[PDB]
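Undergrad: Encoded as structure tokens, here's the structure I'll be asking about.
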Amino acid sequence: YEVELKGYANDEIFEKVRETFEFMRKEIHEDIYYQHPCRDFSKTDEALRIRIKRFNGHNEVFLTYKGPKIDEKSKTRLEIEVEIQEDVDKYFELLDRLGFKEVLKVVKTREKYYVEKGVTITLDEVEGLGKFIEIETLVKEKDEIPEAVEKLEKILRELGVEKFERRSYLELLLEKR
Amino acid sequence: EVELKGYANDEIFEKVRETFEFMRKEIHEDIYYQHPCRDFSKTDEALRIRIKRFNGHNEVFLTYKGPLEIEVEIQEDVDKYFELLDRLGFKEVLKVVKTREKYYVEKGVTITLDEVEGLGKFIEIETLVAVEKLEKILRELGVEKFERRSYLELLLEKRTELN
């Protein structure tokens with residue numbers, strides 16, 4: 001599982017990260033989140049998204065399904081992700097035909113930083129929400145999530161993060177609709 | 001995409017091989033799905049993952065058929081696509097296996113000789129724009145019984161009557 005924690009940020013936290021960790025790369029993300037044709041994802045805590053990632057003149061697109069959060073202390077959830085290598089428009093059309101309707105588009109910039117082996121921090125500037133900081137690392141077993149969460153929470157708090165958020169950017173933006 | 005299908009047999013298959021230019025032979029396994037809440041059998045829609053084998057390799061496609069077709073190639077992680085479909089509520093209805101031989105008739109016209117597991121031999125013809133033209137071609141090959149129902153539909157009907 002990809003253990004992930006998110007906190008609200010600011011110029012202070014952003015700068016500290018830039019002066020503490022190795023910069024990997026900056027990406028622009030344009031996500032389109034969908035609603036299921038038969039069930040309310042907001043009630044089942046699921047998500048389906050198409051993400052367009054832009055960096056270094058490159059463009060990558062991914063279709064990702066996210067399962068319900070399984071941890072009370074983090075945003076960790078099961079994920080199934082495939083890369084759309086071509087015909088991006090066809091995937092958009094396929095989802096539409098199957099009844100998946102766009103709920104909202106989330107746009108942000110993300111600066112990725114190397115923390116330690118398998119641990120990455122991202123500085124996010126989300127349109128319509130502001131600055132956030134995320135941290136993630138992979139774990140094999142579900143029972144390993146608690147330890148990882150503690151480790152990642154410590155890293156973020158040591159950077160100045162005080163307010164954590166388990167709600168997705170999508171949920172946060174929907175609240176402001 | 002104007003397409004027609006007819007019941008075939010060894011003779012019809014043979015006539016095709018002698019008359020038209022062989023293009024390619026492929027083996028297909030089509031995994032058809034039911035929509036999480038729309039009954040595709042009532043909305044005249046379909047969604048399938050096709051795994052084709054030809055020229056020593058496999059190619060995978062995800063295709064939606066409207067009541068008019070969206071097809072994308074799965075170059076990697078087909079297992080993830082199976083999982084994604086399951087997670088989204090799509091359920092396997094039936095897996096259709098067939099061997100297909102494609103033949104070139106003329107500019108923009110192709111014929112396929114299909115040996116469908118559990119159903120038998122069929123011949124399909126397709127072109128882009130026409131029906132009377134393709135119809136005549138098939139009739140001259142000895143085709144006497146056409147079929148608008150898909151292999152999936154036929155296999156399901158066959159199962160229902162058999163039980």
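So you can find residues: chains in the structure tokens are A, B, ... in the order shown, residues in each start at 1, and ligands are numbered from 1 in order.
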Compile a residue-level contact table for chain A against chain B at a cut-off of 8 Å, reporting for every qualifying residue the shortest atom pair and its distance in Å to one decimal, with only C-alpha atoms counted, rows ordered by chain and ascending number, as a Markdown table.

TA:
```
| residue | atom | partner | partner_atom | distance |
| --- | --- | --- | --- | --- |
| A:36 | CA | B:88 | CA | 7.8 |
| A:37 | CA | B:37 | CA | 7.7 |
| A:38 | CA | B:37 | CA | 5.8 |
| A:65 | CA | B:84 | CA | 6.9 |
| A:80 | CA | B:80 | CA | 6.5 |
| A:81 | CA | B:80 | CA | 7.2 |
| A:82 | CA | B:77 | CA | 6.9 |
| A:87 | CA | B:72 | CA | 6.9 |
| A:90 | CA | B:70 | CA | 6.4 |
| A:91 | CA | B:72 | CA | 7.7 |
| A:93 | CA | B:70 | CA | 7.5 |
| A:94 | CA | B:70 | CA | 6.4 |
| A:97 | CA | B:66 | CA | 7.9 |
| A:98 | CA | B:35 | CA | 7.9 |
```

Undergrad: Any idea what's packed within 10 Å of residue 131 of chain B, counting only C-alpha atoms, ignoring anything in its chain fewer than 5 positions away? Could you give it as a PyMOL selection string?

TA: chain B and resi 2-4+125-126+136-137

Undergrad: I need the residues of segment 111-163 of chain B that end up classed as strand (DSSP E) by DSSP on the backbone, written out as a compact mmCIF listing (two decimals) with C-alpha atoms, in the first residue's frame.

TA:
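Saved file selection.txt follows:
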```txt
# COMPACT_ATOMS: atom_id res chain seq x y z
CA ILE B 111 -13.66 -10.86 -44.72
CA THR B 112 -13.09 -12.92 -41.60
CA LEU B 113 -13.48 -16.66 -41.21
CA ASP B 114 -14.40 -17.29 -37.59
CA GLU B 115 -14.34 -20.64 -35.80
CA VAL B 116 -16.16 -19.83 -32.56
CA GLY B 120 -19.18 -23.11 -34.90
CA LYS B 121 -18.18 -21.48 -38.17
CA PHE B 122 -19.21 -17.99 -39.21
CA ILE B 123 -18.12 -15.58 -41.92
CA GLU B 124 -18.07 -11.82 -41.45
CA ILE B 125 -17.50 -9.04 -43.97
CA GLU B 126 -16.88 -5.35 -43.31
CA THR B 127 -16.23 -2.02 -45.03
```

Undergrad: Would you pick out the contacts of residue 103 of chain A at 9 Å or less, using only C-alpha atoms, so that residues sharing its chain but fewer than 4 positions from it are not included, and give the list as a PyMOL selection string?

TA: chain A and resi 32-35+170+174

Undergrad: Identify, with DSSP run on backbone atoms, the residues in segment 2-176 of chain A assigned to helix (DSSP H, G or I), and express the list as number ranges by chain.

TA: A: 11-18, 41-44, 88-97, 142-159, 169-175
